[PDB]
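As C-alpha cells, the structure follows; a few thoughts come after it.
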4 protein chains.
Amino acid sequence: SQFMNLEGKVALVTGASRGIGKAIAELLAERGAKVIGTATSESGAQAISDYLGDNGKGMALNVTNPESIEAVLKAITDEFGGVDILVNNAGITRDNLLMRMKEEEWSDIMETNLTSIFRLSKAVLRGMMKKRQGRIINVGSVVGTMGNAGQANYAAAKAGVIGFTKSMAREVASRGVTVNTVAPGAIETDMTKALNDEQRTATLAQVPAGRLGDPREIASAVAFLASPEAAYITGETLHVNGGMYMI
Amino acid sequence: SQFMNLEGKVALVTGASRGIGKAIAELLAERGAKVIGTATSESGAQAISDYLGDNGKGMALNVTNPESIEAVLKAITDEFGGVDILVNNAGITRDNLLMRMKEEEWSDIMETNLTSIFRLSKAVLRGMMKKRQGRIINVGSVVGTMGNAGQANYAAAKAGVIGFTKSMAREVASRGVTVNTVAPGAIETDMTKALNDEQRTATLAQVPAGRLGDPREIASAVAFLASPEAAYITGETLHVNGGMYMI
Amino acid sequence: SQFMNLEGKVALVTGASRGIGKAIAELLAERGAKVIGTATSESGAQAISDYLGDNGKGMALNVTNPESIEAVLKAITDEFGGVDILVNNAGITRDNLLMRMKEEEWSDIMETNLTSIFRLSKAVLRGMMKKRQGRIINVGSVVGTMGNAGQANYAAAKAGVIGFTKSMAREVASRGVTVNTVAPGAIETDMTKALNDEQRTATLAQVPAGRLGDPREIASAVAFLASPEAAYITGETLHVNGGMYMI
Amino acid sequence: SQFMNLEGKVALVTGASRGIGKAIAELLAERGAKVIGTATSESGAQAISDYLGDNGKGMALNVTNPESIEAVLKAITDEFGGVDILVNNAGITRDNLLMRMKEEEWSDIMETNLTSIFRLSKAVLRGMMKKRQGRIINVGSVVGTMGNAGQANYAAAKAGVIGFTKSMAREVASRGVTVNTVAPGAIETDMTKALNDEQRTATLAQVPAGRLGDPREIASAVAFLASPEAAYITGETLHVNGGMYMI
C-alpha cells in the first residue's frame with residue numbers, strides 16, 4: 001500500500017551489523033527503501049550485504065574519520081542517489097563511575113556518540129535541503145533523558161544529540177527536512193544477554209511493561225519517523241521504553 | 001501486509017464526524033480495524049456510518065453522560081466484541097483570558113476534555129486487562145505542554161490528560177495495555193479556516209515547518225501507537241507540531 | 001537584609017494547618033510577609049493565628065465554595081491590602097486503582113486540587129495585574145510529572161495545574177506577575193508517618209538522596225519563587241524530590 | 001540570619017570576570033561564602049580579586065587544561081579548604097548554521113562547554129563525597145532545552161551538560177552532594193548589548209516577560225541551589241527565562 005511506503009528513498013543506517021541497527025535496516029528495506037547499512041569492518045559490511053540482498057548493501061564506515069564518511073557518501077550517491085534517510089545508530093559505551101572514568105573513556109564516547117552525529121548529519125544535509133525532503137533519525141537512549149549512574153559520559157553524549165537535534169530541526173524545518181531522536185529503553189541485545197540473572201531481574205524491575213524491548217520495536221518507531229506520514233514531526237524524542245521513564 | 005495491521009481489533013474513536021477524528025477513524029479502518037466513530041447527534045452518527053461503510057459504524061455518544069457511555073459500549077460489545085483501541089478525540093474549546101473566563105467555561109472544558117477521558121478509559125479498561133491487550137490513545141494538544149494565553153482551561157485539561165495517561169500506563173503496563181497521548185500542533189481544520197489572514201500568518205510564524213498540519217498526519221501517529229508494533233511505547237506523549245515546540 | 005525580603009507583601013497560603021502548608025506560612029512570615037493561612041475549620045484557623053502571632057492570621061476557607069473565597073479575600077483586602085503572593089497548597093488524595101475509583105473520588109480531586117486553583121488564582125489576579133506585581137505559586141507533586149499507579153486522579157489534577165500555570169504565565173508575564181509550581185517528592189508528613197516500615201523502605205528506595213524531604217525544604221523553594229529575586233522565573237515547575245525524578 | 005547562609009562554604013565560580021559569573025561570585029560572597037572566581041588571564045584574576053576583596057580571590061584557570069585545574073584546586077584547598085560549591089559558568093559560543101560550521105567550531109565548544117564540566121566536576125567531587133556534602137551547579141542555557149538555529153554546537157554541549165548532571169546526581173545523591181543546572185534565557189550582557197536594535201526587539205518578542213534578564217537574577221537562582229535549604233533538589237534544571245520556554 002501507499003501507507004508508510006519508503007519506495008524511492010535511500011536510507012543510510014550506521015551500525016547495522018546486529019541488534020537494533022540490523023532490525024532498522026531490515027524494516028526500512030521491507031517498507032521499500034534502498035538501504036545502505038554500515039559496519040566498522042569489511043566483514044561486517046559483507047554480513048549486511050548478505051542480509052539485505054537486492055534491497056541494498058553493506059559498507060565499511062569509520063564514523064570518527066572524515067575521509068571515510070566522504071568516500072562512503074560518494075559511493076552511495078553515485079549508485080543510489082543522495083541519502084534521503086539517515087539513521088545514526090552507531091554508538092559505544094565506556095562505563096565507569098566518575099571517580100574511575102578516564103579522560104579517554106570520556107573523549108571516545110564524545111567522538112563516537114556525539115561528534116559522529118554532527119559530522120554525518122552535516123554531510124547528508126546539503127542534498128536533503130536541495131531536494132527539500134529528508135529525514136535524520138538519531139537512535140538515542142532513555143539514559144540521555146533519565147541519566148544513569150556509571151554512564152555519565154554516555155548520558156552526556158545522548159542528551160547532547162537531543163540538543164543538536166532540536167537546533168538542526170529549527171534550521172532545516174522550513175526546507176522539508178525533519179530531525180528526530182528515537183530513545184530506546186532496555187532492549188534485548190547481546191549486551192543484556194551478557195548480564196547476570198540478578199542484573200536482568202533488576203533491569204526488569206525498572207520496567208512497568210515487565211519485559212525487555214525487542215529490536216524490532218525500535219525499528220518500527222524509526223520506520224514511522226522515516227515515513228512521508230511523519231512529515232509534521234520534527235525536533236521530537238520518541239521514547240520506546242516500556243514505561244521505564246515517562247516525559 | 002502484517003505491518004501495522006489492525007485486523008481483528010475493535011476501535012472506538014470519539015468525535016469522529018470531521019477533521020482529526022474523521023481522519024483517525026478512516027485510517028484505522030484502512031489498516032483493518034472495525035471502527036465505531038461517535039458524534040453528539042444521530043445525524044452525525046449517520047455521516048460516520050456513511051463514510052465507514054462495511055468497516056464499521058457511527059453512534060451518538062454524550063461523553064459527559066454515564067448512561068450514554070454504558071449504552072454505547074453495550075451496543076459495541078454485543079455486535080463487535082469488546083473495545084481493543086480507544087481513541088479519545090472528543091474535545092471542545094471555551095477560550096477566554098482568565099479575568100473573562102466564566103465558571104461554566106472552566107467546568108465545561110474539565111468535563112468534556114478531562115473527566116470524559118477518566119470515564120471512557122475506565123469503562124473500556126476491564127475488558128482490555130482481562131485480554132491482557134489494549135490501546136488507549138488520547139488526542140491532546142501542544143497547548144497542554146506549551147500553555148497558551150486565553151486557553152488556560154483547555155491547557156489544564158490537556159495537561160491533566162497527560163498526568164492521567166502516565167498513571168494509567170503504570171497501572172496497566174504489566175497487563176499488556178498501553179496508554180499514550182498524541183499532541184497535535186496547529187492542524188488545518190474548520191477552526192483554522194475560520195481565522196482571518198493575519199491570524200493564520202501569526203500561527204504559521206510559530207511553526208518552523210512553515211505550514212499547518214494535516215488531519216491525516218495526526219491519524220498516522222494514532223495508527224502507529226495503536227499497532228502491535230508500538231507495544232513497548234507507553235506513558236508517552238507523541239508531539240506532532242511541525243517544530244512549534246520541542247521537548 | 002534586602003535579600004529574599006518579603007516585607008510589604010501580603011501572602012495567602014491555603015491549607016496551612018500543618019506539614020508543608022505550615023512550613024510555608026512560617027517561612028514567608030520569617031522573611032517579612034504578612035501571612036494569611038487557611039484551614040477548613042475555625043479551630044484550624046485559630047491554630048494558624050496562634051503560630052503566626054503578629055505576622056498574620058488564620059482564616060477558615062472552603063476552596064471549593066465561591067462564597068467563602070469572596071468572603072476571605074474581602075476580609076484580607078480590608079485589613080492587609082490585596083494579596084501579593086498566593087500559595088495554593090490545599091489539596092487532598094482519594095487513592096484507588098482505576099477499576100476501583102469512584103466518580104466522586106475523581107471529581108473531588110478535580111474540585112479540590114485543580115478547579116480550586118482556577119478559582120483562587122482568578123480571584124487574586126485582577127489586583128496583581130493592576131499593581132503590575134504578583135506571585136502565584138502552586139504546590140504540586142512529583143506524581144503530576146511521573147504519574148503513579150493508584151493515583152490517576154491526583155496525577156491528573158497536579159499535571160492540570162502545570163498546564164494552567166504555563167497558560168496563566170503567558171497571559172500575565174508582561175504585567176509583572178509570575179506563575180510557577182513547586183513539585184515536592186516524598187516529604188515527611190503525617191501521611192508518610194502512617195505508613196508501615198515496608199512502605200517507608202519502598203518509598204526510600206525510589207529516592208537517590210536516600211531520605212524523605214522535610215516540609216521546610218518545600219517552604220524554602222516557595223519562598224524563593226515568591227521573592228523579588230525570582231522575577232524572571234515564570235511558567236516553571238521547580239522539582240524538590242531528592243532525585244526521585246529528573247526532568 | 002541562618003536562611004540561605006553560605007558561611008563556612010568554599011565556592012569556585014569559573015568565568016567570573018563579568019556578567020553572570022561576576023554576579024554569581026558577588027552574591028555567594030554576600031551570603032558568606034569564601035569565593036574563588038576564575039578568569040583565563042592573570043589580569044582577569046586580579047579584577048576578580050579586586051571586586052571580592054576580603055571575601056575571596058581571583059585565580060587564572062584554563063578549564064581545557066588538566067594541569068591548570070590541578071594547580072588551582074591545590075591552591076584553593078591549601079588556603080581555604082576543599083571546594084564545597086562548584087559553579088561551572090565558563091563557556092563560549094562559536095555560532096554558525098550547520099553547513100557553515102567548521103570542525104574546530106564544533107570541537108572547541110565541546111571542549112570548553114562540556115568536557116570542562118566533566119573535568120572540573122570530577123576534580124572536586126572526591127572531597128565533596130568524603131565530607132558527604134557538596135553542590136555542583138552548571139550554568140546552562142535555555143538553548144540546551146529549546147534548541148536554536150545557528151547554535152547546534154552550543155545547544156549540544158548545554159544539553160549534554162544536563163545528561164551529565166542527571167547521571168552524576170544519581171551517582172552521588174546518597175552521599176549528600178547535589179548536582180543541578182541553572183538555565184538562563186536571554187540575559188542582558190555585553191553579547192546582547194552588541195546586537196542591532198532589530199535583533200534586540202526580536203529577542204524581546206520571544207519573551208513573555210517583555211525584557212531581558214539581569215545577571216543578578218541568574219545569581220539568585222544559583223545561590224538558592226547552593227544553599228543548605230536546597231539539599232533535596234538534585235538532577236534538576238532551573239529555568240530562568242522570563243517565560244521564553246516552559247517545561
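Note on naming: chains are A, B, ... as they come in the C-alpha cells, residues start from 1 per chain, ligands start from 1 in the order shown.
Shell of residue 51 of chain C at 10 Å, with only C-alpha atoms counted and residues fewer than 3 places along the chain excluded, is residues 17, 22, 25, 26, 46, 47, 48, 54, 55, 56, 57 and 58 of chain C.
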For chain A, report every residue with an atom at most 10 Å from chain C (counting only C-alpha atoms), formatted as a PyMOL selection string.
chain A and resi 145-147+245-247
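Atom CA of residue 203 of chain C sits 14.3 Å away from atom CA of residue 174 of chain D.
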Quick one: residues within 10 Å of residue 96 of chain A, only C-alpha atoms, excluding same-chain residues fewer than 3 positions away - as number ranges by chain?
A: 93, 99-102, 105-106, 149-153
Prev. selection, N, CA, C and O atoms, output as a PDB file, in the first residue's frame:
ATOM      1  N   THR A  93      29.603   2.216  24.439  1.00  0.00           N
ATOM      2  CA  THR A  93      29.662   2.559  25.859  1.00  0.00           C
ATOM      3  C   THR A  93      31.102   2.373  26.399  1.00  0.00           C
ATOM      4  O   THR A  93      31.865   1.534  25.903  1.00  0.00           O
ATOM      5  N   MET A  99      34.585   8.867  39.356  1.00  0.00           N
ATOM      6  CA  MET A  99      35.883   8.926  40.007  1.00  0.00           C
ATOM      7  C   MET A  99      36.827   7.939  39.333  1.00  0.00           C
ATOM      8  O   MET A  99      38.042   8.101  39.407  1.00  0.00           O
ATOM      9  N   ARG A 100      36.282   6.921  38.668  1.00  0.00           N
ATOM     10  CA  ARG A 100      37.083   5.945  37.890  1.00  0.00           C
ATOM     11  C   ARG A 100      37.139   6.233  36.382  1.00  0.00           C
ATOM     12  O   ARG A 100      37.772   5.501  35.647  1.00  0.00           O
ATOM     13  N   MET A 101      36.425   7.242  35.899  1.00  0.00           N
ATOM     14  CA  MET A 101      36.300   7.415  34.455  1.00  0.00           C
ATOM     15  C   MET A 101      37.541   8.101  33.901  1.00  0.00           C
ATOM     16  O   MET A 101      37.871   9.221  34.306  1.00  0.00           O
ATOM     17  N   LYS A 102      38.198   7.451  32.946  1.00  0.00           N
ATOM     18  CA  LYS A 102      39.407   8.001  32.328  1.00  0.00           C
ATOM     19  C   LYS A 102      39.071   9.087  31.311  1.00  0.00           C
ATOM     20  O   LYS A 102      38.008   9.046  30.683  1.00  0.00           O
ATOM     21  N   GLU A 105      37.986   7.534  28.124  1.00  0.00           N
ATOM     22  CA  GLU A 105      36.645   6.956  28.130  1.00  0.00           C
ATOM     23  C   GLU A 105      35.608   8.052  27.879  1.00  0.00           C
ATOM     24  O   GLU A 105      34.568   7.814  27.265  1.00  0.00           O
ATOM     25  N   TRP A 106      35.867   9.242  28.419  1.00  0.00           N
ATOM     26  CA  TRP A 106      35.038  10.392  28.167  1.00  0.00           C
ATOM     27  C   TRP A 106      35.156  10.777  26.720  1.00  0.00           C
ATOM     28  O   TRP A 106      34.150  10.847  26.014  1.00  0.00           O
ATOM     29  N   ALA A 149      23.720   6.312  36.744  1.00  0.00           N
ATOM     30  CA  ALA A 149      24.975   6.169  37.466  1.00  0.00           C
ATOM     31  C   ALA A 149      25.906   5.255  36.692  1.00  0.00           C
ATOM     32  O   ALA A 149      25.481   4.252  36.149  1.00  0.00           O
ATOM     33  N   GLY A 150      27.178   5.622  36.586  1.00  0.00           N
ATOM     34  CA  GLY A 150      28.141   4.793  35.875  1.00  0.00           C
ATOM     35  C   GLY A 150      28.152   5.031  34.368  1.00  0.00           C
ATOM     36  O   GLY A 150      28.935   4.424  33.633  1.00  0.00           O
ATOM     37  N   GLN A 151      27.282   5.915  33.893  1.00  0.00           N
ATOM     38  CA  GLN A 151      27.219   6.218  32.474  1.00  0.00           C
ATOM     39  C   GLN A 151      27.106   7.713  32.196  1.00  0.00           C
ATOM     40  O   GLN A 151      26.437   8.098  31.248  1.00  0.00           O
ATOM     41  N   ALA A 152      27.760   8.539  33.012  1.00  0.00           N
ATOM     42  CA  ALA A 152      27.715   9.989  32.854  1.00  0.00           C
ATOM     43  C   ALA A 152      28.191  10.431  31.462  1.00  0.00           C
ATOM     44  O   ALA A 152      27.681  11.408  30.900  1.00  0.00           O
ATOM     45  N   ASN A 153      29.108   9.684  30.890  1.00  0.00           N
ATOM     46  CA  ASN A 153      29.629  10.007  29.559  1.00  0.00           C
ATOM     47  C   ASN A 153      28.630   9.690  28.459  1.00  0.00           C
ATOM     48  O   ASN A 153      28.347  10.505  27.589  1.00  0.00           O
TER      49      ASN A 153
END
7 Å contact set for segment 72-86 of chain D, only C-alpha atoms, chain neighbours under 6 positions out, as a count of residues only:
14
Just the alpha helix (DSSP H) stuff from segment 20-224 of chain D, please, per backbone DSSP, written as a PyMOL selection string.
chain D and resi 20-30+42-52+66-80+103-110+116-131+143-146+152-172+190-193+197-205+215-224
When you look at residue 229 of chain C with a cut-off of 7 Å (counting only C-alpha atoms), what residues show up, excluding the ones that are within fewer than 2 positions of it in the same chain? I need them as a VMD selection string.
(chain C and resid 4 227 231) or (chain D and resid 217 220)
Just-selected residues, N, CA, C and O atoms written as a tab-separated table (two decimals), in the first residue's frame:
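Just written: selection.tsv:
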chain	number	residue	atom	x	y	z
C	4	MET	N	15.94	38.33	49.41
C	4	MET	CA	14.76	37.48	49.63
C	4	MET	C	13.88	38.03	50.74
C	4	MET	O	13.60	37.35	51.71
C	227	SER	N	10.01	35.61	45.99
C	227	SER	CA	10.86	36.75	46.18
C	227	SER	C	10.99	37.62	44.93
C	227	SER	O	10.80	37.13	43.79
C	231	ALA	N	11.91	37.19	39.82
C	231	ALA	CA	11.02	37.88	38.88
C	231	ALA	C	11.12	37.34	37.48
C	231	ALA	O	10.20	37.50	36.70
D	217	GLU	N	19.64	37.99	38.50
D	217	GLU	CA	18.56	37.04	38.55
D	217	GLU	C	19.07	35.63	38.35
D	217	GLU	O	18.56	34.71	38.98
D	220	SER	N	20.87	34.79	41.81
D	220	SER	CA	19.93	34.42	42.84
D	220	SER	C	19.52	32.96	42.73
D	220	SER	O	19.41	32.28	43.74
List the neighbours of segment 110-117 of chain C out to 9 Å using only C-alpha atoms; skip same-chain residues closer than 5 positions along the sequence, and give me the result as a list in words.
residues 106, 107, 110, 115 and 156 of chain B; 63, 64, 65, 88, 89, 90, 91, 92, 93, 105, 122, 138, 140, 153, 154, 156, 157, 158, 160, 161 and 164 of chain C
Selection export as an mmCIF file, in the first residue's frame, atoms kept: N, CA, C and O atoms:
data_model
loop_
_atom_site.group_PDB
_atom_site.id
_atom_site.type_symbol
_atom_site.label_atom_id
_atom_site.label_comp_id
_atom_site.auth_asym_id
_atom_site.auth_seq_id
_atom_site.Cartn_x
_atom_site.Cartn_y
_atom_site.Cartn_z
ATOM 1 N N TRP B 106 -14.792 27.086 32.390
ATOM 2 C CA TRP B 106 -13.827 26.240 33.043
ATOM 3 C C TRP B 106 -14.391 24.846 33.169
ATOM 4 O O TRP B 106 -13.770 23.883 32.734
ATOM 5 N N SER B 107 -15.556 24.725 33.799
ATOM 6 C CA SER B 107 -16.083 23.405 34.119
ATOM 7 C C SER B 107 -16.471 22.590 32.879
ATOM 8 O O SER B 107 -16.291 21.386 32.885
ATOM 9 N N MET B 110 -13.210 21.031 31.655
ATOM 10 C CA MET B 110 -12.830 19.931 32.508
ATOM 11 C C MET B 110 -13.675 18.690 32.174
ATOM 12 O O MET B 110 -13.165 17.585 32.059
ATOM 13 N N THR B 115 -12.493 14.841 32.342
ATOM 14 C CA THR B 115 -13.296 13.853 33.064
ATOM 15 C C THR B 115 -13.858 12.767 32.127
ATOM 16 O O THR B 115 -13.953 11.560 32.499
ATOM 17 N N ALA B 156 -5.061 23.258 30.868
ATOM 18 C CA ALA B 156 -5.203 22.497 32.091
ATOM 19 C C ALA B 156 -5.736 21.087 31.834
ATOM 20 O O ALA B 156 -5.185 20.100 32.360
ATOM 21 N N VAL C 63 -12.126 25.969 49.746
ATOM 22 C CA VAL C 63 -11.531 26.276 48.449
ATOM 23 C C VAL C 63 -12.428 25.811 47.283
ATOM 24 O O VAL C 63 -12.226 26.262 46.157
ATOM 25 N N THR C 64 -13.438 24.970 47.568
ATOM 26 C CA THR C 64 -14.468 24.567 46.571
ATOM 27 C C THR C 64 -15.761 25.426 46.560
ATOM 28 O O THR C 64 -16.697 25.113 45.846
ATOM 29 N N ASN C 65 -15.812 26.488 47.357
ATOM 30 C CA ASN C 65 -17.027 27.299 47.510
ATOM 31 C C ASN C 65 -16.737 28.760 47.198
ATOM 32 O O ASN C 65 -15.982 29.401 47.949
ATOM 33 N N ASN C 88 -1.028 28.101 46.579
ATOM 34 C CA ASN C 88 -2.101 27.138 46.517
ATOM 35 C C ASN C 88 -1.560 25.797 46.976
ATOM 36 O O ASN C 88 -0.955 25.051 46.209
ATOM 37 N N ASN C 89 -1.745 25.535 48.263
ATOM 38 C CA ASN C 89 -1.208 24.353 48.901
ATOM 39 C C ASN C 89 -2.286 23.356 49.294
ATOM 40 O O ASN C 89 -1.994 22.171 49.453
ATOM 41 N N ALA C 90 -3.497 23.820 49.468
ATOM 42 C CA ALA C 90 -4.619 22.958 49.801
ATOM 43 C C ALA C 90 -4.807 21.894 48.725
ATOM 44 O O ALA C 90 -4.693 22.157 47.535
ATOM 45 N N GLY C 91 -5.038 20.675 49.161
ATOM 46 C CA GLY C 91 -5.111 19.560 48.222
ATOM 47 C C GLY C 91 -5.353 18.291 48.992
ATOM 48 O O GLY C 91 -4.871 18.160 50.119
ATOM 49 N N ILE C 92 -6.113 17.370 48.411
ATOM 50 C CA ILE C 92 -6.367 16.093 49.062
ATOM 51 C C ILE C 92 -5.943 14.942 48.135
ATOM 52 O O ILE C 92 -5.644 15.162 46.966
ATOM 53 N N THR C 93 -5.956 13.721 48.670
ATOM 54 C CA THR C 93 -5.876 12.488 47.880
ATOM 55 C C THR C 93 -7.125 11.631 48.100
ATOM 56 O O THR C 93 -7.756 11.668 49.177
ATOM 57 N N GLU C 105 -14.606 10.159 43.785
ATOM 58 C CA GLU C 105 -13.182 10.247 44.112
ATOM 59 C C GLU C 105 -12.427 10.993 42.999
ATOM 60 O O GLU C 105 -11.471 11.719 43.273
ATOM 61 N N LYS C 122 -7.856 33.286 39.766
ATOM 62 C CA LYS C 122 -8.677 34.278 39.119
ATOM 63 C C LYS C 122 -9.084 35.359 40.113
ATOM 64 O O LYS C 122 -9.001 36.531 39.784
ATOM 65 N N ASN C 138 1.959 27.346 42.996
ATOM 66 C CA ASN C 138 1.145 26.152 43.245
ATOM 67 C C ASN C 138 2.013 25.076 43.815
ATOM 68 O O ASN C 138 3.185 24.894 43.350
ATOM 69 N N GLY C 140 2.546 21.534 43.896
ATOM 70 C CA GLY C 140 2.118 20.375 43.100
ATOM 71 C C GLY C 140 2.538 19.045 43.688
ATOM 72 O O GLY C 140 2.473 18.854 44.875
ATOM 73 N N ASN C 153 -6.093 10.113 39.487
ATOM 74 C CA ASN C 153 -6.857 11.339 39.735
ATOM 75 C C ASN C 153 -5.989 12.461 40.243
ATOM 76 O O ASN C 153 -6.002 13.578 39.698
ATOM 77 N N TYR C 154 -5.200 12.163 41.263
ATOM 78 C CA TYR C 154 -4.299 13.144 41.857
ATOM 79 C C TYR C 154 -3.254 13.610 40.789
ATOM 80 O O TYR C 154 -3.008 14.811 40.611
ATOM 81 N N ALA C 156 -3.594 13.549 37.465
ATOM 82 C CA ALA C 156 -4.315 14.359 36.506
ATOM 83 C C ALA C 156 -4.464 15.808 36.972
ATOM 84 O O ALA C 156 -4.202 16.748 36.197
ATOM 85 N N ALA C 157 -4.955 15.987 38.203
ATOM 86 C CA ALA C 157 -5.144 17.313 38.769
ATOM 87 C C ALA C 157 -3.829 18.086 38.904
ATOM 88 O O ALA C 157 -3.757 19.254 38.507
ATOM 89 N N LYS C 158 -2.789 17.452 39.426
ATOM 90 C CA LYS C 158 -1.469 18.122 39.538
ATOM 91 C C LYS C 158 -0.865 18.444 38.189
ATOM 92 O O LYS C 158 -0.282 19.538 38.020
ATOM 93 N N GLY C 160 -2.615 18.966 35.505
ATOM 94 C CA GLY C 160 -3.516 20.032 35.057
ATOM 95 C C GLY C 160 -3.119 21.393 35.573
ATOM 96 O O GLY C 160 -3.168 22.389 34.845
ATOM 97 N N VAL C 161 -2.685 21.440 36.819
ATOM 98 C CA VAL C 161 -2.227 22.686 37.405
ATOM 99 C C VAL C 161 -1.001 23.234 36.649
ATOM 100 O O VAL C 161 -0.849 24.452 36.502
ATOM 101 N N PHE C 164 -2.307 24.856 33.385
ATOM 102 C CA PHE C 164 -2.886 26.128 33.816
ATOM 103 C C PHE C 164 -1.812 27.163 34.099
ATOM 104 O O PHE C 164 -1.917 28.314 33.659
#
Could you list, as a ChimeraX atom specification, every residue within 9 Å of residue 183 of chain D, counting only C-alpha atoms and ignoring same-chain residues fewer than 6 positions away?
/D:138-145,218,237-241
Using only C-alpha atoms, which of the listed residues (B:44, B:243, B:163, B:176) sits closest to residue 228 of chain B?
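Of B:44, B:243, B:163, B:176, the one nearest residue 228 of chain B is B:176, counting only C-alpha atoms.
Per DSSP on the backbone, strand (DSSP E) in segment 107-247 of chain D comprises residues 134, 135, 136, 137, 138, 139, 177, 178, 179, 180, 181, 182, 183, 184, 237, 238, 239 and 240 of chain D.
One distance worth recording is that between atom CA of residue 40 of chain D and atom CA of residue 196 of chain D, which is 28.4 Å.
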So, with only C-alpha atoms as the atoms that count, which of A:165, A:178, A:38, A:1 lies closest to residue 14 of chain A?
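Closest to residue 14 of chain A of all the choices is A:38.
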